[PDB]
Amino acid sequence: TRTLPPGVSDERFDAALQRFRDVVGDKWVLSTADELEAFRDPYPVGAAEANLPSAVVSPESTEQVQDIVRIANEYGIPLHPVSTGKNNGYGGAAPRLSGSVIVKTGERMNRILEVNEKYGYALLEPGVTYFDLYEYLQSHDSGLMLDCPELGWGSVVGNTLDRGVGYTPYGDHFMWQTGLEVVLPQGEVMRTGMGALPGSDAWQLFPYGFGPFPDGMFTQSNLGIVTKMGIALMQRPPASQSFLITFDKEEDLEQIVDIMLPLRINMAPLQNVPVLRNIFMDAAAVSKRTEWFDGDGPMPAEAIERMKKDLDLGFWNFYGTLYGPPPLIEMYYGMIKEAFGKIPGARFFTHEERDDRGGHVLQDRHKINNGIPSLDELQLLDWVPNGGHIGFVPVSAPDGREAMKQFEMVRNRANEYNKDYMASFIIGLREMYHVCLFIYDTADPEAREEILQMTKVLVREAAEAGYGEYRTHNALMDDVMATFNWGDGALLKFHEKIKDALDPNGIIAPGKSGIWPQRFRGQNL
């Protein structure tokens, strides 16, 4: 029947719902099954129901977020704060803890508070999407560009608060995060950095302020509800060129990664975040699985060759963008061609050179890499009927043999659980991300369970090989946090200890990143 917060009666919840309505207004509290359906994980993981929200409250202001937090303390209601709630791949808007109330900050707190052309920064509310901020910069003939992930409909703030990434030189969103406002778990409000000094202009200029630097503690965290966040914005460069390098062989991965890293570690000639996508990923962006293979089980070699041939793509496809005066772009492109040119079968294409279906991903990278938000990459989910995805992203050293081992290890398990291997190898400066998107039929309970059991295996095996996940789904946060158990889980004990100090009543997103406040510890949900 009715989803309730843990240890909270029908009466007590009805009372708390009304207190919420007194703060934000009747139409900004959802609690009917019909109203809540939209806030369930759109890509559900596992056959069983999980991650069930009891209600959605949409606050209009920081003060309203304080009031909601104080009520949640009164009634012991757990709050799952989101911005836009588009964390698709990691649970969407759905709370880790079933019965939690979703605080959708972004519905009404969606205002651009400042875009400074002189100093190159924005001060944003959670509700500001990449499309909102893009449209604002266009409107105002801005000299600035934003840094967006593959999908423009997410929150600049929300994405930053899960340490999301884009593909411009400003792709590490949390680095460029500068100052935030946060409602702490008992309702008091705090500004970090120069925000903490009344009348400073430097909130979005100097990240650290004075004393311990806390902003990090509010990312992949449950230590408060963020109401404002500053972010630095790069100046748009005078020109840019996007290029695709197709690599013919599965085994080329080793040489590609080993040539990638020297070209990237000095942020030149690879100026942007280098992404290497397998043919599955690029095929899924432009085609249905059944275009290639309507059989059961893993995709055969003949089918993969047909994908490569028809799309004129390799097994591994490298995407990069260069920025600056055309001479500098041409110099950097020349270096890139010489270095990756030593791999037999490497073929090169600029964004101007491919208008065919195989080229559509390059055209999308040319947008995303230039801070032009897109939703083209939603086409991935038409690979199979009713397509959803889960993100599996272990962090690796950027070595060719280390990539090769991860390639084998994950494709092998993928095959066993009848899921295709959609994978990208991405490099920051000195780290490698194995970005695996498993696409499955969300309507099929067996496919959902296969995904939950497969990724549980993939997490454990990756950790046995010394690979930690940078980010994970609601279903895997306990399993993943368990892997960071150096010194008898010293890290988790440190986090719990702080969680209990700031959230004595255990209100804020209990179980986020495997961090449960005292009142829930040992209870298996």
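In this text, residue numbers run from 1 along the sequence as written.
Undergrad: Averaging C-alpha B-factors over each stretch, which comes out higher, 433-441 or 291-299?
TA: Between 433-441 and 291-299, it is 291-299.
Undergrad: Which of the two stretches, 237-245 or 349-357, shows the higher mean Cα temperature factor in the record?
TA: The stretch with the larger mean CA B-factor is 349-357.
Undergrad: Compare the CA B factors listed in the entry for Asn415, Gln220, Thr321, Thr84 and report the winner.
TA: Out of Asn415, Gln220, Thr321, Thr84, the record gives the largest C-alpha B-factor to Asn415.
Undergrad: Maximum C-alpha temperature factor per the entry, among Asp147, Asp132, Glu117, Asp201, belongs to which one?
TA: Max CA B-factor in the entry, restricted to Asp147, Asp132, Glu117, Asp201: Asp201.
Undergrad: Sorting by Cα B-factor within the chain, modelled residues only, which third would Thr32 end up in: lowest, middle or highest?
TA: Within its chain, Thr32 is a highest-third residue by C-alpha B-factor, going by the deposited values.
Undergrad: Quick check on the deposited entry: does the C-alpha B-factor of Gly46 sit in the lowest, middle or highest third of its chain?
TA: Within its chain, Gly46 is a middle-third residue by C-alpha B-factor, going by the deposited values.
Undergrad: Sorting the chain's CA B-factors, does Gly391 end up in the lowest, middle or highest third?
TA: For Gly391, whose C-alpha B-factor we compare with every modelled residue in the chain, the answer is the lowest third.
Undergrad: Is the Cα B-factor recorded for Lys337 in the lowest, middle or highest third of its chain?
TA: Middle third, going by the recorded CA B-factors of the chain.
Undergrad: Ordered by C-alpha B-factor within the chain, which third holds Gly25? Give me lowest, middle or highest, please.
TA: For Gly25, the deposited C-alpha B-factor lands in the highest third.
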